[PDB]
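# Structural overview
Next come the chains, spelled out residue by residue.
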Amino acid sequence: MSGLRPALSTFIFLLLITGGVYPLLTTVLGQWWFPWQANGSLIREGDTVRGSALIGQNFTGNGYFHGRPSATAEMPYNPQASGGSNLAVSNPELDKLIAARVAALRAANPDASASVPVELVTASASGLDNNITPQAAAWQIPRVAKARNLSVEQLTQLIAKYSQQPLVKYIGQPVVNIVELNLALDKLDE
Amino acid sequence: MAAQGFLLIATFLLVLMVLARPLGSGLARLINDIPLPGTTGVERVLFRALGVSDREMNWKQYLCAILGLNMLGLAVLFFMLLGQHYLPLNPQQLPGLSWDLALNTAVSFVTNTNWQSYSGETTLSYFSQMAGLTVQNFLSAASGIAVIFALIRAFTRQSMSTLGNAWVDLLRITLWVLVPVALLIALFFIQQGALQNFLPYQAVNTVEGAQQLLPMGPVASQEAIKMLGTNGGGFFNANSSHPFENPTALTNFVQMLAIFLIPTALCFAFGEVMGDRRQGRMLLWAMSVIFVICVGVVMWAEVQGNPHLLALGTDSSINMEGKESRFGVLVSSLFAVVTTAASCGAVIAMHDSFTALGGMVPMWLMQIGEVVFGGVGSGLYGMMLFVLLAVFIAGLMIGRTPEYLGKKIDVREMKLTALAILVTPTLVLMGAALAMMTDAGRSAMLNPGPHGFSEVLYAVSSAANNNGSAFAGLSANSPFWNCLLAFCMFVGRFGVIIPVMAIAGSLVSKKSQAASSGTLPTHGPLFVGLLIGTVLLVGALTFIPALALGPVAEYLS
Amino acid sequence: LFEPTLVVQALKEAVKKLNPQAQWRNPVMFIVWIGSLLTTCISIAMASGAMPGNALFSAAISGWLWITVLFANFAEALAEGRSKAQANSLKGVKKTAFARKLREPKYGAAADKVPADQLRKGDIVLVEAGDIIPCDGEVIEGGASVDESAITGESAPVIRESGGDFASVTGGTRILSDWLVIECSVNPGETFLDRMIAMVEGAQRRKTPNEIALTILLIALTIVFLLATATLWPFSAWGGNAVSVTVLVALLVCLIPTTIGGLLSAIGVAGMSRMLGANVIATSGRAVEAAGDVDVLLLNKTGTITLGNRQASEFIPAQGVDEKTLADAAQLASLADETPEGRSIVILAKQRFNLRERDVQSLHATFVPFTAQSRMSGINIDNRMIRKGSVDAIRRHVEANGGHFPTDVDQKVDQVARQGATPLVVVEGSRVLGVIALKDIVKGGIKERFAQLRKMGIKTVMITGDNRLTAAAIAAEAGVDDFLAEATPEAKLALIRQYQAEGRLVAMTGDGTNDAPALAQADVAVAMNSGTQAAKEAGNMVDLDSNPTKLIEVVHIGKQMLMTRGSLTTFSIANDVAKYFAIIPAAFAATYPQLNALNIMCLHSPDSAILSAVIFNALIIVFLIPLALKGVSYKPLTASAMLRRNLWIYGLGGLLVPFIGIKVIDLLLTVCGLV
Amino acid sequence: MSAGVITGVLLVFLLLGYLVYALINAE
Ligand SMILES: CCCCCCCCCCCCCCCCCC(=O)OC[C@H](COP(=O)([O-])OCC(O)COP(=O)([O-])OC[C@@H](COC(=O)CCCCCCCCCCCCCCCCC)OC(=O)CCCCCCCCCCCCCCCCC)OC(=O)CCCCCCCCCCCCCCCCC
Ligand SMILES: CCCCCCCCCCCCCCCCCC(=O)OC[C@H](COP(=O)([O-])OCC(O)COP(=O)([O-])OC[C@@H](COC(=O)CCCCCCCCCCCCCCCCC)OC(=O)CCCCCCCCCCCCCCCCC)OC(=O)CCCCCCCCCCCCCCCCC
Ligand SMILES: [K+]
Ligand SMILES: [K+]
Ligand SMILES: [K+]
Ligand SMILES: [K+]
Ligand SMILES: [K+]
Ligand SMILES: [K+]
Ligand SMILES: [K+]
């Protein structure tokens, strides 16, 4: 008609030049250059996998380090529905949830303090989170030390080694890993 | 902590300015229909094959071109999402999407909205998010930049009757702005940890025993062009908060810079295409003052945080509920206000789980119109909608015929300016009223009290404002929600684009007055304050009745 | 003035246009009218007993919304009544006497008894002493003292000499002396006074494009506020009991820009009134605003330097003739020149050098005018043979009486020609007494008028076109920063279309018919009342004070109207934040008790805050009626400074004056104990 | 929803239509 051929032509060209070769170009650059980070950032030994360096896993246990709670729908720290918590700031249900979490954490940790870190009782935004702030990690040093028969200074230097600080202090937060740190703890044990 | 926020805002603005000013010299080149250095031969061997005639066309044919391209994109995306089981790259064999969700997702992705009413990694195949979603993430931004290029050409052209050729406009804009910067951002995200592998969903046995399952796919490739422009629809349900999308703070800084890159560079191009950089730095100051004020109030509200946490036995009271860990309170607050200022729609912190004062401000900067760097392409013409009214009021106070950049402004575009301004609050208030005169809409509630009405108002504002950011408590999977948000999205895009093109067509014909001794300079602090006062006056006078019953009510609770 | 207490009862009777036929033309207040009727029928059913409540609150809201409508129509009707009073002041009596028509044009001809309402084009009429001009036209012969106080306010007996620079007359004005004839130019009902009275009486007032655009923005704002206050009902119904319809309607009428919506007609009706009060007849408000946007002004020297033909005398240079002998020649000329222009030259020479040696009684000079064949004086009764003529006239006199002329008079004429002025020579006897210098002088205060024009940033271009040197001198002691020498009508058209094509707006204040095509081609056209009739129809506006620089007042009032409407709509918009702070905590105190911390005014009750807001909405309109009548005070400032001043006054008046108004009205209500 | 608010919704739409008509018109 008037401009049907240029319209359809530029649609097909823009489609084939943006979706179909640009993902292909980025992918063939990714596996050629940076394959570990391109292929899920998985951590593994032998052939089996124990997770990635980014996802974070539900750690129910006195010996293991504990991350932020997860508000994932069907199972905590489930990477299928990463939705986080959408409860309001003035929600009484949220108040009961935080009260139950702080009661459970007070029962779990009898030696550090009564003022729990806020992120250890508040759910993450993504619903899955592999990292916590190093002071919050140091809050649970007596629990892991008692449950693993390990030195407090040794655990402190271990979590200092397995930290992750940003390029500059204000752009993010200093933060320590969780799944990778617990795997390092297991390798230290055996 | 306030000092940390101060340096964060300051250095973010400096890096944005030093990355956006060179792009203005090069976006004004694209506006002037001047090819970039090193692509004239490629252009002349490409457009002949593509059939794009070098002849220019007026506003009516330009608008018809853009709307036809958007209708074709909507049809292709709708008939791709209704299938995706007859199509390859479905490792988990996802079923075909329902008609209502497919229509809502298709219109959200074509009309620069990117509102996710589902869970991406458990509802969409790899092929959809690799090709069909990504082409709309490219072409919606291309269409917005084309509309603002037509408006800038209308403002800078003396008495011509044409606004250029839309096909060559989007072709040049896409292939020489939106693609290679997306390559750079995507490879940076592969460097830092965002994945792009096309591998099947790889199950993982954890160190405890609870067998979870990890999602894969072309995540960073969609992430890069989702951040470039102001698209803002992620691969997963937690868009730009999943560690597979933005793993660290350097990635998040690149997220922020890619959000503000295109509107700031467009403002710089508007300044540099007239030969008067003051005309662009006026708009930049007018946007940035409102921006930094709203950043300050959001960070203050989130530092004050939840008061119940201190009474429930915590070491602090900062609202970490619904916020990430490696992204701090200030950083996630800044990303929230940047997202809802620039019409992106990618959220780090779940906006629903905010303090009332920190959640009112995203609603406010959405509902005033996407003016504070607001939207790719939209960030300038939505502000021009308010500039053409502020200069009218200023000329009324002077006692002279109102003119902006020389061209006289009269009834024939006052009608279109008024219609284009009022089409947004009409949709927002009508949708928010319709969602509470029905059992559906009122029944998709997650939080009781005023926060639920705040959720519905945020959702309808996000639909009508082409933002896509969500108070994610709302279960908008219902057919009523999908159809209502689809209609709001459609009208909120193409009842703004059409009158802007009509204003451009009416303005390009009028001969520009060269200069005079007595005209109001539209660059100084007085005009910046007048434009800011107009933006904070209309856009707040509309929704103070709407905002008083939600976030204000629960803040004064 | 505002309230003369003469026609206030009549205009209050004329307020009652509350029927929908005369109200839908203003939609921003038709919404207020429909809301008032809606809350009135709600109050009627509410007191009847359909729904339970007090109904005194609803009755008071309905009455006060009707009061807001009544004062809006009161402002419009008072502006219209002031316009009618101005029109009746300018009316005079158009048909006051029978016309003294002549069948043949000649002084002392066959009289007629025809009425003064059917005279056609080219009709001659005799005017005697103590008479009045029936219809507009031009004179043919004769002339005497004519007063125009009853039409233009000027009680100065301006003469009407035959032909020349002024020969046109206007009907309906008193005549003081005899010897006036008038040739009719246009029919009755075709004159601009009758046209202005007809458009005031018709009161159509076709709105300016600026008025339409401001109305468009007001409509957009009232759509926005209507949708906000309409969708406010489901939001309130979600949490507890919904807000009642009366509160929503009162909040809507508060949010609607009611003040500027009512004063939009007055801003412009008072504009026409200030046109007519500045001795200017204006046709359209678009023309008024375009005249308010003039950047380039055009004139001619025939209406500036003593209105032409009356140039002063400068020392009368001569070769071989002493100053005392030149003064004797001036005295002998003062005993001559029986023409009016000649007598003007006589009195200018006498005030240059007073001499009282001999007068008209001691020297019985013959009082005879010039002869048409040679422009020569018929006076010969003095000792010297007197001749008053030009160069060619005195040459013809030389070869008529004296024989041969010397070269001294030729070289003196050459010197006068290269120096300017006029080459007219006074001659007594057989020897010339020198060519009289007749350089002109800039009368009036046109220097400071042009200084005011330059301060207001309006270009002043002076177009007569005699020569470059005298145009430079006229510019030097006039004040125009440029001029245009060697002026022709085609050059005037080319220059005016070049200015219109360069991105500037122009205005002409011509008088003649030669520059009438250029004046009509100008987008702003100021016609001269002393100017030609055809140019007067060719113009857009005509000034009746015979002042070339009336455009400064036209710019003042035309800018005042736009400044007033923009300032008033900004004030009406800025009041809405305070109206929120007064209404919303009170409007939602019943169903949201947590919102009762927002009324920072510490108001009494929710049933009192809404009444205080509506009462303030009415009282701000009735207090700003004088601001609608008399415009915002124009000061000659730059754009940025004047915008800053307008903001600092009116935008700061918004959000601060409504605070005081609502608080004081609430205090008065609590003191009276009504709530 | 129920009766008594459909007349308010209809009157609001009628006012909006009249106001949009006045906005488009140059009366
Ligand atoms: C609570 C504290 C705050 C209170 C209020 C204080 C207000 C001041 C804050 C800082 C804002 C300064 C911005 C520019 C100054 C204005 C002068 C001007 O005409 O601007 C054009 C300015 C210089 O114009 P010019 O000198 O006439 O040169 C003519 C050229 O054509 C123009 O081209 P050129 O000069 O860019 O090209 C050459 C250029 C080569 O080009 C480049 O290198 C790229 C572009 C330059 C970018 C470098 C500066 C970026 C400007 C943004 C500043 C953001 C800071 C955040 C504010 C703190 C947060 C509260 O090389 C240079 O020389 C670059 C230096 C430019 C000189 C002026 C900039 C001053 C430094 C910024 C301050 C440092 C921040 C520390 C914290 C501030 C606290 C006081 O050019 C630019 O810098 C371009 C970008 C700026 C355009 C507008 C952007 C809006 C910024 C507003 C910030 C947010 C609001 C402030 C807070 C509000 C209250 C809470
Ligand atoms: C209405 C109620 C209240 C009434 C207030 C009325 C107005 C307030 C006046 C107060 C003081 C009066 C006397 C001042 C005169 C002397 C100062 C002077 O030189 O002129 C400055 C200026 C007049 O500008 P101009 O005569 O056009 O141009 C002369 C320039 O010097 C030459 O132009 P330039 O561009 O070359 O300027 C040079 C330099 C600037 O040089 C200066 O003159 C400033 C001195 C600083 C030194 C230079 C350092 C460079 C840094 C940039 C400027 C920093 C200033 C603060 C930045 C932080 C922002 C908070 O800037 C640059 O290098 C270019 C950058 C572009 C402009 C910068 C924008 C700054 C933001 C200004 C405030 C915006 C937020 C206000 C919020 C309003 C909402 C309520 O006077 C002011 O102080 C005005 C400021 C505006 C205040 C708010 C206005 C009220 C409007 C709100 C309501 C609107 C109604 C809505 C309508 C209805 C809607 C439906
Ligand atoms: K978006
Ligand atoms: K808008
Ligand atoms: K709006
Ligand atoms: K928009
Ligand atoms: K979202
Ligand atoms: K508006
Ligand atoms: K008002």
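Every chain's residues are listed with numbers counted from 1 in the order the sequence is written; these need not match the entry, and residues without coordinates are not shown. Chains carry letters from A onward and ligands carry numbers from 1 onward, assigned in written order. As a rule here, side-chain values cover all heavy atoms of the structure and leave hydrogens and water aside.

- Looking at the entry header, you'll see cryo-EM listed as the method and 3.7 Å as the resolution.

## Brief notes about the overall build of chain C
- Helices and strands together make up the secondary structure of chain C, namely 23 helices and 20 strands.
- Radius of gyration: C-alpha atoms only; globule rule: 2.2 Å multiplied by the number of residues to the exponent 0.38. In summary, chain C has a C-alpha radius of gyration of 34 Å against a globular reference of 26 Å for 675 residues, an excess of more than 25%.
- On the principal axes, the C-alpha backbone points of chain C span a range of 120 × 55 × 45 Å.
- Looking at chain C as a whole, 54% of its 675 residues are labelled buried.
- In this description, accessible areas are obtained by the Shrake-Rupley approach with a 1.4 Å probe, and a residue is regarded as covered only by the protein chains that are shown. When the accessible surface of chain C is totalled, it reaches about 28500 Å², and 61% of it is carbon and sulfur.
- For the purpose of charge, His is not counted, nor are the chain termini; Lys and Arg are scored as positive and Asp and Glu as negative. Note on charges: their place is set at NZ of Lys, CZ of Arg, CG of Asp or CD of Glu. Charge separation in chain C, taken as the distance between the mean sites of 62 positive and 62 negative side-chain charges, equals 5 Å. Helical segments are the DSSP runs of H or I of at least four residues, strand segments are the runs of E of at least two, and each set is numbered from the N terminus. For each residue, the accessible area found with a 1.4 Å probe, counting protein chains only, is set against the maximum for its type, and the residue is called buried under 20%, exposed over 50%, and partly exposed in between.

## A word on the site of ligand 2
- Surrounding ligand 2, one finds 21 residues, the nearest of these being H523, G524 and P525 of chain B together with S640 and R644 of chain C.
- Under this definition, polar contacts are N or O atom pairs within 3.5 Å; protein pairs additionally need one hydrogen-donor-capable and one acceptor-capable atom, and for neighbouring residues in sequence, both atoms have to be side-chain atoms. In the model, an oxygen atom of ligand 2 is placed 3.2 Å from a nitrogen or oxygen of the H523 of chain B side chain.
- Elements represented by at least two residues in the shell around ligand 2 include exactly α11 (278-304) and α21 (525-537) of chain B together with α22 (639-653) of chain C.
- Classification convention: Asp, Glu, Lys, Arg as charged; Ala, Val, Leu, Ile, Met, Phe, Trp, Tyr, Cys, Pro as nonpolar; all other residues, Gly among them, as polar. Of the residues belonging to the shell around ligand 2, the class tally is 13 nonpolar, seven polar and one charged. One heavy atom suffices: a residue is near a molecule or strand as soon as one of its heavy atoms comes within 4 Å of it.

## Considerations on the arrangement of the chains
- No other pair among the four pairs of chains in contact exceeds the contact count of chains A and B.
- By definition in these notes, contact holds between two residues if any of their heavy atoms fall within 4.5 Å. With respect to C-alpha atoms, chain A approaches chain C no nearer than 14 Å, and the pair has no contact.
- Between chain A and chain D there is no contact, and the shortest C-alpha to C-alpha distance separating them is 28 Å.

## Notes on the nonpolar core
- Counting residues in each nonpolar core, the largest one holds 353 residues, and the members touching the most others are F291, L334, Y404 and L531 of chain B.
- Contacts of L334 of chain B, omitting those with residues within four sequence positions, involve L8, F12, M256, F291, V295 and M299 of chain B.
- Membership of the second largest hydrophobic core comes to 20 residues, among which are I43, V144, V179 and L183 of chain A. Each nonpolar core is a collection of buried residues, namely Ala, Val, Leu, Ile, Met, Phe, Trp, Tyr and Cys, held together in the definition by side-chain atoms within 4.5 Å.

## A word on the interface of chain A and chain B
- Between chain A and chain B, the residue contacts involve 86 residues of the former and 101 residues of the latter.
- Values labelled buried area give the accessible surface lost by two parts on being combined, using a 1.4 Å probe and summing over both. Buried surface at the junction of chain A and chain B, summed over both partners, amounts to about 7900 Å²; 64% is from carbon and sulfur atoms.
- For this document, the term salt bridge refers to a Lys or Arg side-chain nitrogen within 4 Å of an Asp or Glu carboxyl oxygen. Inspection of the region where chain A meets chain B yields one salt bridge.
- For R326 of chain B, the salt bridge identified is with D129 of chain A, shortest N-O distance 3.6 Å.

## Regarding the pattern of salt bridges
Residues and elements named next belong to chain B.
- Using the criterion set out here, one finds 38 salt bridges over all chains in the structure.
- Salt-bridge contacts for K226 lead to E223; the nearest nitrogen and oxygen are separated by 2.9 Å. With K226 and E223 both in helix α9 (residues 219-227), this residue pair falls three residues apart, about one helical turn.
- For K226, a relative accessible area of 0% corresponds to the buried category.
- What makes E223 buried here is its relative accessible area of 1%.
- What emerges from the salt-bridge pattern is a single network uniting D33, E43, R153, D169 and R172.

## Focus: the UniProt feature "transmembrane region" in chain C
- Mapped onto the present numbering, the UniProt feature "transmembrane region" falls on residues 27-48, 55-73, 216-235, 245-256, 568-588, 606-624 and 647-671 of chain C.
- As annotated, residues 27-48 of chain C has a helix share of 100% and a strand share of 0%, and its two end C-alpha atoms lie 31 Å apart. UniProt positions are given in the numbering used here, feature names are shortened, and annotations may be inferred rather than shown by experiment.

## Details of the interface of chain D and chain C
- Across the boundary between the two partners, chain D contributes 12 residues, which contact 19 residues of chain C.
- Looking at the side of chain D facing chain C, the largest losses of area belong to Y18, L19 and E27 of chain D, adding up to 41% of the total buried there.
- Between the two partners, chain D and chain C, sit zero salt bridges.
- There are one residue pair in polar contact connecting chain D and chain C.
- The residue makeup of the side of chain D that touches chain C, split by class, is 11 nonpolar, no polar and one charged.

## Brief notes about helix α1 (residues 2-31) of chain B
All names here are of chain B.
- Every helix has an expected span of 1.5 Å times one less than the residues it contains. Along its 30 residues, α1 runs 41 Å from first to last C-alpha, staying within 8% of the 44 Å computed at 1.5 Å per residue.
- The angle separating two fitted axes, one through the seven residues that finish at a residue and one through the seven that start at it, defines the bend at that residue. Roughly 30 degrees is the biggest bend found in α1, and it falls at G24.
- One or two steps after α1, the chain reaches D33, where phi turns positive at roughly 60 degrees.

## Considerations on the pairing of strand β2 (residues 48-52) of chain A
Residue and element names in this part refer to chain A.
- Most of β2 sits out of view: four of its five residues are buried.
- Both strand β1 (residues 42-45) and β2 contribute to a ladder of four bridges, which runs antiparallel. Within β2, the position partnered with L42 by the bridge is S52.
- What sits between the antiparallel neighbours β1 and β2 is a turn of two residues, in which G46 has the positive phi angle 65 degrees. When DSSP finds at least two bridges between two strands, those strands are taken to pair.

## Overview of the site of ligand 1
Residues and elements named next belong to chain B.
- The immediate surroundings of ligand 1 are formed by 13 residues, with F6, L13, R21, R281 and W285 found nearest.
- In the environment of ligand 1, an oxygen atom lies 3.3 Å from a nitrogen or oxygen atom belonging to the side chain of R21.
- In this structure, an oxygen atom belonging to ligand 1 sits 3.0 Å away from a side-chain N or O atom of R281.
- For ligand 1, whose free accessible area comes to 1400 Å², the fraction covered by protein is 47%.
- Looking at the shell around ligand 1, the elements with two or more residues in it are α1 and α11.
- Tallying contributions element by element places α1 first for the shell around ligand 1, with seven residues.
- Each residue belonging to the shell around ligand 1 can be placed in one class, and the counts come to 10 nonpolar, one polar and two charged.

## Description of the sheet that holds strand β5 (residues 175-177) of chain A
Residue and element names in this part refer to chain A.
- Read across the open sheet, the three strands follow the order β3-β5-β4; overall the sheet is antiparallel. Two strands in the sheet have a free side with no partner beyond their single neighbour: β3 (131-132) and β4 (163-164).
- Pairing between β3 and β5: two bridges, direction antiparallel. The partner of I132 across the bridge, within β5, is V176.

## Let's talk about the packing of helix α15 (residues 378-398) of chain B against helix α20 (residues 551-587) of chain C
- Contact geometry for α15 of chain B and α20 of chain C: axes closest at 6 Å, N-to-C directions at 130 degrees. With respect to each other, α15 of chain B and α20 of chain C are oriented oblique. Along its contact with α15 of chain B, which presents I393, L396, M397 and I398 of chain B, the element α20 of chain C presents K559, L562, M563, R565, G566 and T570 of chain C. Throughout, an axis means a line fitted to C-alpha atoms (over the contacting stretch in the case of helices), and angles, computed between N-to-C directions, take values from 0 to 180 degrees. An angle below 35 degrees is treated as roughly parallel, one above 145 as roughly antiparallel, one from 65 to 115 as roughly perpendicular, and anything else as oblique.

## What about the packing of aromatic side chains?
Residue and element names in this part refer to chain B.
- Stacked, edge-to-face and tilted are the three classes for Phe, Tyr and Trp ring pairs, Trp counted by its six-membered ring, which pair at centre distances within 6.5 Å; planes under 30 degrees apart are stacked, over 60 edge-to-face, the rest tilted. Tallied over the full model, the rule gives 24 aromatic pairs over all chains.
- Here the aromatic rings of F236 and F244 are separated by 6.4 Å at their centres, their planes lie at 50 degrees, and the arrangement is tilted.
- Residue classification places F236 among the buried positions, given a relative accessible area of 0%.
- Using a relative accessible area of 0% as the deciding quantity, one classes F244 as buried.
- With a centroid separation of 6.0 Å and an interplanar angle of 50 degrees, the aromatic rings of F480 and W481 are classed as tilted.
- The class of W481 is buried, set by a relative accessible area of 0%.

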